[PDB]
file target_30.pdb (PDB, C-alpha atoms (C1' of nucleotides))
ATOM      1  CA  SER A  16     -95.570  96.769-172.604  1.00  0.00           C
ATOM      2  CA  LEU A  17     -92.281  97.267-174.439  1.00  0.00           C
ATOM      3  CA  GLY A  18     -89.839  98.620-171.901  1.00  0.00           C
ATOM      4  CA  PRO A  19     -92.554  99.537-169.412  1.00  0.00           C
ATOM      5  CA  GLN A  20     -90.197 101.686-167.329  1.00  0.00           C
ATOM      6  CA  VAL A  21     -92.227 104.760-168.192  1.00  0.00           C
ATOM      7  CA  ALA A  22     -90.571 108.019-167.234  1.00  0.00           C
ATOM      8  CA  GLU A  23     -90.498 109.732-170.681  1.00  0.00           C
ATOM      9  CA  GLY A  24     -86.762 110.394-170.144  1.00  0.00           C
ATOM     10  CA  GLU A  25     -85.426 106.897-169.450  1.00  0.00           C
ATOM     11  CA  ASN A  26     -83.732 106.391-172.781  1.00  0.00           C
ATOM     12  CA  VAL A  27     -83.506 102.809-173.996  1.00  0.00           C
ATOM     13  CA  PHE A  28     -80.150 101.799-175.419  1.00  0.00           C
ATOM     14  CA  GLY A  29     -79.377  99.491-178.290  1.00  0.00           C
ATOM     15  CA  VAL A  30     -76.535  99.033-180.740  1.00  0.00           C
ATOM     16  CA  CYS A  31     -76.608  99.293-184.528  1.00  0.00           C
ATOM     17  CA  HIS A  32     -73.685  97.274-185.980  1.00  0.00           C
ATOM     18  CA  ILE A  33     -73.144  98.855-189.393  1.00  0.00           C
ATOM     19  CA  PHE A  34     -71.214  96.655-191.810  1.00  0.00           C
ATOM     20  CA  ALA A  35     -70.341  98.747-194.835  1.00  0.00           C
ATOM     21  CA  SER A  36     -68.272  97.651-197.788  1.00  0.00           C
ATOM     22  CA  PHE A  37     -68.398  97.552-201.544  1.00  0.00           C
ATOM     23  CA  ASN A  38     -71.337  95.843-203.254  1.00  0.00           C
ATOM     24  CA  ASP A  39     -73.453  95.825-200.072  1.00  0.00           C
ATOM     25  CA  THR A  40     -74.466  97.641-196.910  1.00  0.00           C
ATOM     26  CA  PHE A  41     -76.001  96.270-193.695  1.00  0.00           C
ATOM     27  CA  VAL A  42     -77.786  97.803-190.708  1.00  0.00           C
ATOM     28  CA  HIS A  43     -78.322  95.348-187.857  1.00  0.00           C
ATOM     29  CA  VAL A  44     -79.889  96.733-184.703  1.00  0.00           C
ATOM     30  CA  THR A  45     -79.431  94.631-181.582  1.00  0.00           C
ATOM     31  CA  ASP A  46     -79.525  94.986-177.825  1.00  0.00           C
ATOM     32  CA  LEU A  47     -76.550  95.572-175.532  1.00  0.00           C
ATOM     33  CA  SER A  48     -75.437  91.956-175.918  1.00  0.00           C
ATOM     34  CA  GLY A  49     -75.609  91.366-179.657  1.00  0.00           C
ATOM     35  CA  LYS A  50     -77.554  88.156-179.004  1.00  0.00           C
ATOM     36  CA  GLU A  51     -81.038  89.446-179.856  1.00  0.00           C
ATOM     37  CA  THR A  52     -81.768  91.173-183.126  1.00  0.00           C
ATOM     38  CA  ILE A  53     -84.237  93.771-184.304  1.00  0.00           C
ATOM     39  CA  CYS A  54     -84.843  94.267-188.034  1.00  0.00           C
ATOM     40  CA  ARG A  55     -81.641  93.568-189.872  1.00  0.00           C
ATOM     41  CA  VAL A  56     -81.806  95.424-193.190  1.00  0.00           C
ATOM     42  CA  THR A  57     -79.655  95.726-196.310  1.00  0.00           C
ATOM     43  CA  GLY A  58     -79.290  97.696-199.519  1.00  0.00           C
ATOM     44  CA  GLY A  59     -80.140  94.838-201.845  1.00  0.00           C
ATOM     45  CA  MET A  60     -83.656  94.473-200.474  1.00  0.00           C
ATOM     46  CA  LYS A  61     -84.620  97.917-201.810  1.00  0.00           C
ATOM     47  CA  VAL A  62     -83.062  98.548-205.224  1.00  0.00           C
ATOM     48  CA  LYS A  63     -83.650  96.452-208.338  1.00  0.00           C
ATOM     49  CA  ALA A  64     -80.294  96.049-210.078  1.00  0.00           C
ATOM     50  CA  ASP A  65     -77.111  94.563-208.637  1.00  0.00           C
ATOM     51  CA  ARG A  66     -74.674  97.364-209.567  1.00  0.00           C
ATOM     52  CA  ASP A  67     -76.375  99.939-207.338  1.00  0.00           C
TER      53      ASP A  67
ATOM     54  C1'   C B   1      61.456  66.718-183.416  1.00  0.00           C
ATOM     55  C1'   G B   2      55.780  66.993-187.293  1.00  0.00           C
ATOM     56  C1'   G B   3      50.457  65.538-187.617  1.00  0.00           C
ATOM     57  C1'   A B   4      47.089  62.568-186.972  1.00  0.00           C
ATOM     58  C1'   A B   5      42.581  60.321-183.089  1.00  0.00           C
ATOM     59  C1'   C B   6      41.513  60.641-177.802  1.00  0.00           C
ATOM     60  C1'   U B   7      41.032  62.621-173.049  1.00  0.00           C
ATOM     61  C1'   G B   8      41.940  66.370-168.375  1.00  0.00           C
ATOM     62  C1'   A B   9      42.453  71.208-165.728  1.00  0.00           C
ATOM     63  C1'   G B  10      42.727  76.656-166.687  1.00  0.00           C
ATOM     64  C1'   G B  11      43.195  82.727-167.568  1.00  0.00           C
ATOM     65  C1'   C B  12      41.496  85.768-171.765  1.00  0.00           C
ATOM     66  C1'   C B  13      36.836  88.430-175.318  1.00  0.00           C
ATOM     67  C1'   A B  14      33.321  95.329-173.099  1.00  0.00           C
ATOM     68  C1'   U B  15      32.700  87.665-173.350  1.00  0.00           C
ATOM     69  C1'   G B  16      27.640  85.938-177.951  1.00  0.00           C
ATOM     70  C1'   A B  17      20.503  87.460-178.945  1.00  0.00           C
ATOM     71  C1'   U B  18      19.211  94.697-183.895  1.00  0.00           C
ATOM     72  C1'   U B  19      14.675  97.147-182.876  1.00  0.00           C
ATOM     73  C1'   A B  20       9.270  96.199-182.288  1.00  0.00           C
ATOM     74  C1'   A B  21       6.209  98.672-188.344  1.00  0.00           C
ATOM     75  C1'   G B  22      -0.290 103.755-188.520  1.00  0.00           C
ATOM     76  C1'   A B  23       2.438  94.838-191.141  1.00  0.00           C
ATOM     77  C1'   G B  24       0.334  90.472-188.717  1.00  0.00           C
ATOM     78  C1'   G B  25      -1.233  86.168-185.040  1.00  0.00           C
ATOM     79  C1'   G B  26      -2.754  85.125-179.941  1.00  0.00           C
ATOM     80  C1'   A B  27      -3.858  86.717-174.828  1.00  0.00           C
ATOM     81  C1'   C B  28      -6.938  90.274-171.397  1.00  0.00           C
ATOM     82  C1'   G B  29     -11.420  93.913-169.856  1.00  0.00           C
ATOM     83  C1'   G B  30     -16.195  96.150-170.318  1.00  0.00           C
ATOM     84  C1'   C B  31     -19.801  96.281-173.803  1.00  0.00           C
ATOM     85  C1'   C B  32     -22.559  95.679-178.964  1.00  0.00           C
ATOM     86  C1'   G B  33     -25.941  93.662-182.511  1.00  0.00           C
ATOM     87  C1'   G B  34     -33.628  91.691-186.777  1.00  0.00           C
ATOM     88  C1'   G B  35     -25.664  87.261-186.474  1.00  0.00           C
ATOM     89  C1'   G B  36     -26.245  81.099-186.072  1.00  0.00           C
ATOM     90  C1'   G B  37     -28.517  76.256-183.725  1.00  0.00           C
ATOM     91  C1'   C B  38     -31.962  73.739-179.918  1.00  0.00           C
ATOM     92  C1'   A B  39     -36.153  73.814-176.720  1.00  0.00           C
ATOM     93  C1'   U B  40     -40.103  77.313-174.961  1.00  0.00           C
ATOM     94  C1'   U B  41     -44.395  80.936-174.116  1.00  0.00           C
ATOM     95  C1'   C B  42     -48.017  84.901-176.703  1.00  0.00           C
ATOM     96  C1'   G B  43     -51.114  87.140-180.387  1.00  0.00           C
ATOM     97  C1'   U B  44     -55.351  88.856-183.702  1.00  0.00           C
ATOM     98  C1'   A B  45     -56.899  86.792-188.251  1.00  0.00           C
ATOM     99  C1'   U B  46     -58.583  82.749-191.431  1.00  0.00           C
ATOM    100  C1'   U B  47     -61.182  77.958-192.373  1.00  0.00           C
ATOM    101  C1'   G B  48     -64.346  74.252-190.271  1.00  0.00           C
ATOM    102  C1'   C B  49     -67.734  72.442-186.533  1.00  0.00           C
ATOM    103  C1'   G B  50     -71.722  72.803-182.337  1.00  0.00           C
ATOM    104  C1'   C B  51     -75.631  75.596-179.963  1.00  0.00           C
ATOM    105  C1'   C B  52     -78.725  80.470-179.804  1.00  0.00           C
ATOM    106  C1'   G B  53     -81.514  84.938-182.523  1.00  0.00           C
ATOM    107  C1'   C B  54     -84.074  87.594-186.556  1.00  0.00           C
ATOM    108  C1'   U B  55     -85.059  87.399-191.321  1.00  0.00           C
ATOM    109  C1'   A B  56     -84.740  86.781-198.015  1.00  0.00           C
ATOM    110  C1'   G B  57     -81.504  87.378-200.322  1.00  0.00           C
ATOM    111  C1'   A B  58     -75.607  86.888-200.267  1.00  0.00           C
ATOM    112  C1'   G B  59     -71.148  86.928-203.586  1.00  0.00           C
ATOM    113  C1'   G B  60     -68.521  89.094-207.522  1.00  0.00           C
ATOM    114  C1'   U B  61     -68.268  92.749-211.667  1.00  0.00           C
ATOM    115  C1'   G B  62     -66.991  98.156-215.889  1.00  0.00           C
ATOM    116  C1'   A B  63     -71.709  95.337-216.457  1.00  0.00           C
ATOM    117  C1'   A B  64     -72.962  90.083-215.754  1.00  0.00           C
ATOM    118  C1'   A B  65     -73.124  85.002-214.956  1.00  0.00           C
ATOM    119  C1'   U B  66     -71.049  80.371-213.185  1.00  0.00           C
ATOM    120  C1'   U B  67     -71.967  79.587-207.456  1.00  0.00           C
ATOM    121  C1'   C B  68     -74.249  79.712-202.366  1.00  0.00           C
ATOM    122  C1'   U B  69     -79.715  80.154-200.910  1.00  0.00           C
ATOM    123  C1'   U B  70     -86.754  78.851-196.150  1.00  0.00           C
ATOM    124  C1'   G B  71     -83.536  71.302-195.847  1.00  0.00           C
ATOM    125  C1'   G B  72     -82.493  78.677-192.999  1.00  0.00           C
ATOM    126  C1'   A B  73     -77.544  81.162-196.584  1.00  0.00           C
ATOM    127  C1'   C B  74     -75.082  86.211-195.377  1.00  0.00           C
ATOM    128  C1'   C B  75     -75.163  89.220-190.141  1.00  0.00           C
ATOM    129  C1'   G B  76     -74.695  89.221-184.790  1.00  0.00           C
ATOM    130  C1'   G B  77     -73.392  85.967-180.127  1.00  0.00           C
ATOM    131  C1'   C B  78     -70.518  82.102-176.835  1.00  0.00           C
ATOM    132  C1'   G B  79     -67.381  78.129-177.301  1.00  0.00           C
ATOM    133  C1'   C B  80     -63.992  74.261-179.462  1.00  0.00           C
ATOM    134  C1'   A B  81     -60.197  72.541-183.138  1.00  0.00           C
TER     135        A B  81
END

call {"tool": "encode", "arguments": {"input": "target_30.pdb", "output": "structure tokens"}}
result
Amino acid sequence: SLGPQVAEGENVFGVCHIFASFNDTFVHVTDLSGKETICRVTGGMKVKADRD
RNA sequence: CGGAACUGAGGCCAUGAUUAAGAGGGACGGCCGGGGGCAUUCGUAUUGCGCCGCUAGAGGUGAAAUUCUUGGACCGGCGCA
């Protein structure tokens, strides 16, 4: 029961927190507070070499 | 009689001081300014430290490595110095 307030229109908010720069890129979904995290992901966990 | 030193009272002179620098000094009035010294309050950032959460990479390069990394890095969060 993940957000059991079932109305099929009650949208559930989060925040994303993109940290972009050179040599990296992060995507860090969290709740409204930034205290609880949901699947932080990067660019280095997908490609093979370090210059891409 | 001359010229010496000294002391007293008087009338006379149209009776005596050049102006005030587009030279300067000082005074006075209202302002002006990241001018100078002493004490005072504020700011985000950085670095470290503590506690919480999820997860394998993070840095840095033209490209790499030295280096940090499940004994929990980098990211996010609240505090403190």

call {"tool": "resolve_selection", "arguments": {"input": "target_30.pdb", "expression": "the PyMOL selection byres ((chain B) within 6 of (chain A))", "output": "PyMOL selection string"}}
result
chain B and resi 53-54+76-77

call {"tool": "resolve_selection", "arguments": {"input": "target_30.pdb", "expression": "the PyMOL selection byres ((chain B and resi 69) around 9)", "output": "list in words"}}
result
residues 56, 57, 58, 68, 70, 72 and 73 of chain B

call {"tool": "closest_residue", "arguments": {"input": "target_30.pdb", "among": "A:18, A:37, A:23, A:64", "to": "residue B:60", "atoms": "only C-alpha atoms (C1' of nucleotides)"}}
result
A:37

call {"tool": "closest_residue", "arguments": {"input": "target_30.pdb", "among": "B:10, B:40, B:18, B:63", "to": "residue A:67", "atoms": "all atoms listed in the file"}}
result
B:63

call {"tool": "resolve_selection", "arguments": {"input": "target_30.pdb", "expression": "the PyMOL selection byres ((chain B and resi 80) around 10)", "output": "ChimeraX atom specification"}}
result
/B:49-50,79,81

call {"tool": "atom_distance", "arguments": {"input": "target_30.pdb", "atom1": "atom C1' of residue B:65", "atom2": "atom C1' of residue B:46"}}
result
27.7 Å

call {"tool": "atom_distance", "arguments": {"input": "target_30.pdb", "atom1": "atom CA of residue A:62", "atom2": "atom CA of residue A:40"}}
result
12.0 Å

call {"tool": "atom_distance", "arguments": {"input": "target_30.pdb", "atom1": "atom CA of residue A:26", "atom2": "atom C1' of residue B:78"}}
result
27.9 Å

call {"tool": "build_atoms", "arguments": {"input": "target_30.pdb", "residues": "stretch 49-63 of chain A", "atoms": "N, CA, C and O atoms", "output": "CSV table (one decimal), in the frame of the given file"}}
result
chain,number,residue,atom,x,y,z
A,49,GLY,N,-75.8,91.9,-178.3
A,49,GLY,CA,-75.6,91.4,-179.7
A,49,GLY,C,-76.2,90.0,-179.9
A,49,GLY,O,-75.9,89.4,-180.9
A,50,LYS,N,-77.0,89.5,-178.9
A,50,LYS,CA,-77.6,88.2,-179.0
A,50,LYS,C,-79.0,88.2,-179.6
A,50,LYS,O,-79.4,87.2,-180.2
A,51,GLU,N,-79.7,89.3,-179.4
A,51,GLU,CA,-81.0,89.4,-179.9
A,51,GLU,C,-81.1,90.6,-180.9
A,51,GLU,O,-80.6,91.7,-180.6
A,52,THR,N,-81.8,90.3,-181.9
A,52,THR,CA,-81.8,91.2,-183.1
A,52,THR,C,-83.1,91.8,-183.4
A,52,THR,O,-84.2,91.2,-183.1
A,53,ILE,N,-83.1,93.0,-184.0
A,53,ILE,CA,-84.2,93.8,-184.3
A,53,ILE,C,-84.1,94.4,-185.7
A,53,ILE,O,-83.4,95.4,-185.9
A,54,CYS,N,-84.7,93.7,-186.7
A,54,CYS,CA,-84.8,94.3,-188.0
A,54,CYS,C,-83.5,94.6,-188.7
A,54,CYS,O,-83.1,95.7,-188.9
A,55,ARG,N,-82.8,93.5,-189.0
A,55,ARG,CA,-81.6,93.6,-189.9
A,55,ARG,C,-82.1,94.0,-191.3
A,55,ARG,O,-83.2,93.5,-191.7
A,56,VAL,N,-81.4,94.9,-191.9
A,56,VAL,CA,-81.8,95.4,-193.2
A,56,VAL,C,-80.6,95.6,-194.0
A,56,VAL,O,-79.5,95.8,-193.5
A,57,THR,N,-80.7,95.6,-195.3
A,57,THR,CA,-79.7,95.7,-196.3
A,57,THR,C,-79.9,96.8,-197.3
A,57,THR,O,-80.9,97.6,-197.2
A,58,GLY,N,-79.1,96.8,-198.4
A,58,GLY,CA,-79.3,97.7,-199.5
A,58,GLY,C,-79.8,97.0,-200.7
A,58,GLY,O,-80.4,97.6,-201.6
A,59,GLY,N,-79.7,95.6,-200.7
A,59,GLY,CA,-80.1,94.8,-201.8
A,59,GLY,C,-81.6,94.6,-201.8
A,59,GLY,O,-82.2,94.2,-202.8
A,60,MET,N,-82.2,94.7,-200.6
A,60,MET,CA,-83.7,94.5,-200.5
A,60,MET,C,-84.5,95.6,-200.9
A,60,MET,O,-85.7,95.6,-200.8
A,61,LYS,N,-83.9,96.7,-201.4
A,61,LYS,CA,-84.6,97.9,-201.8
A,61,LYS,C,-84.5,98.2,-203.3
A,61,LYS,O,-85.5,98.5,-204.0
A,62,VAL,N,-83.3,98.2,-203.8
A,62,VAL,CA,-83.1,98.5,-205.2
A,62,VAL,C,-83.3,97.3,-206.1
A,62,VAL,O,-83.4,96.2,-205.6
A,63,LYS,N,-83.3,97.5,-207.4
A,63,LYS,CA,-83.6,96.5,-208.3
A,63,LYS,C,-82.4,95.8,-208.9
A,63,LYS,O,-82.3,94.6,-208.9
